[PDB]
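Chains as they are written, first to last, in the entry's author numbering: chain 111, 632 to 682; chain 222, 77 to 205.
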Amino acid sequence: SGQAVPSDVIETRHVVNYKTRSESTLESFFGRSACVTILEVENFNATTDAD
Amino acid sequence: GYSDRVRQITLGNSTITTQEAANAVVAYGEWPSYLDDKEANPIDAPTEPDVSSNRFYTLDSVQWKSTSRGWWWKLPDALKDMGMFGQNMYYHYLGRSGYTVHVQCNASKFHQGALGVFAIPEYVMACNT
Ligand SMILES: [Ca+2]
Ligand SMILES: [Cl-]
Numbered sequence: 632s633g634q635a636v637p638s639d640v641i642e643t644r645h646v647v648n649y650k651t652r653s654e655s656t657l658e659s660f661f662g663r664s665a666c667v668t669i670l671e672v673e674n675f676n677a678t679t680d681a682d
Numbered sequence: 077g078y079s080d081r082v083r084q085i086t087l088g089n090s091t092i093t094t095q096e097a098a099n100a101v102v103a104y105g106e107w108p109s110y111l112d113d114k115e116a117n118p119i120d121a122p123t124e125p126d127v128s129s130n131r132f133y134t135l136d137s138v139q140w141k142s143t144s145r146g147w148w149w150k151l152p153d154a155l156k157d158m159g160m161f162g163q164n165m166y167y168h169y170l171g172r173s174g175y176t177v178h179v180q181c182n183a184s185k186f187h188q189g190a191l192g193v194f195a196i197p198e199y200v201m202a203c204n205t
């Protein structure tokens, strides 16, 4: 891939970056309970195979 | 010799004198300063125009009458057409500035009246509908 960063192609000031990639770790990306299916069941007096 | 009433302010090629001041306010007790590397955001080398832009610009005067209800300006809006400050402001996406605001109103020992002069952060005003 291209590797160049801004300091390679423009005049840059010093900027201290305190920001982290905490929320894009795999644990953070996947760290959610997701609905994967909806099942149905019933309770009634069943008189047919289908019921 | 030195007096709370007598002050000189020099910025760039511009000087103000007053012989009837009342001290000076430094808003929230903090002098303006450049943006530190540990608080910086955009990463391009900034333009710091210094004396070209950091100088006294005098607006059109207004007339105080017995019927005047008052005046407002916004900053940096009031200076948007002022010399190299205006040019630097409009050639760049981003800008920051402090200000020395000097409000001037002389009369005589026989006139009376009092102006409140307020610097308001985020001076959001009501609409007229
Ligand atoms: Ca460079
Ligand atoms: Cl004028």
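We treat Cβ as the ideally placed atom computed from N, Cα and C, and that holds for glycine.
Whole-angstrom Cβ separation of residue i and residue j, contact assumed at under 8 Å?
i, j, result
"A100 (chain 222)", "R83 (chain 222)", "7 Å"
"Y133 (chain 222)", "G159 (chain 222)", "7 Å"
"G88 (chain 222)", "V127 (chain 222)", "4 Å"
"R172 (chain 222)", "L111 (chain 222)", "6 Å"
"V636 (chain 111)", "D113 (chain 222)", "About 17 Å separates the two Cβ atoms, so there is no contact after all."
"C181 (chain 222)", "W140 (chain 222)", "7 Å"
May I have the straight-line CA-CA distance separating residue i from residue j, to the nearest angstrom?
i, j, result
"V672 (chain 111)", "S664 (chain 111)", "22 Å"
"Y169 (chain 222)", "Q163 (chain 222)", "12 Å"
"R131 (chain 222)", "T86 (chain 222)", "8 Å"
"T656 (chain 111)", "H645 (chain 111)", "27 Å"
"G189 (chain 222)", "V179 (chain 222)", "15 Å"
"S129 (chain 222)", "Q634 (chain 111)", "38 Å"
"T91 (chain 222)", "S638 (chain 111)", "40 Å"
"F161 (chain 222)", "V177 (chain 222)", "15 Å"
"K650 (chain 111)", "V667 (chain 111)", "33 Å"
"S144 (chain 222)", "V193 (chain 222)", "15 Å"
"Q95 (chain 222)", "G77 (chain 222)", "13 Å"
"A195 (chain 222)", "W148 (chain 222)", "10 Å"
"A183 (chain 222)", "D157 (chain 222)", "30 Å"
"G146 (chain 222)", "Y199 (chain 222)", "15 Å"
With a threshold of 8 Å, establish whether the CB of residue i neighbours any heavy atom of ligand 4.
i, result
"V640 (chain 111)", "As far as ligands go, the structure on display features ligand 1 and ligand 2 and does not contain ligand 4."
For residue i, is the classification buried or exposed, using 16 other Cβ atoms within 10 angstroms of its Cβ as the cut-off for buried?
i, result
"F660 (chain 111)", "exposed"
"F675 (chain 111)", "exposed"
Q. Quick check: the stretch 152–160 of chain 222 against the stretch 98–112 of chain 222, are there 3 or more CB pairs under 8 Å?
A. The stretch 152–160 of chain 222 is not in contact with the stretch 98–112 of chain 222.
(Q) At 3 residues or longer, what runs of the beta strand (DSSP E) sit wholly inside the stretch 634–663 of chain 111? (A) Segments of the beta strand (DSSP E) lying fully in the stretch 634–663 of chain 111: there are none.
Q.
If contact is defined by three or more beta carbon pairs under 8 Å, each pair taking one atom from either stretch, is the stretch 635–645 of chain 111 in contact with the stretch 110–121 of chain 222?
A. Yes: the two stretches touch, three or more of their Cβ pairs being nearer than 8 Å.
Q: Entirely within the stretch 113–178 of chain 222 and at least 4 residues each: give me those alpha helix (DSSP H) ranges in chain order.
A: Complete alpha helix (DSSP H) runs here, min 4: 159–167.
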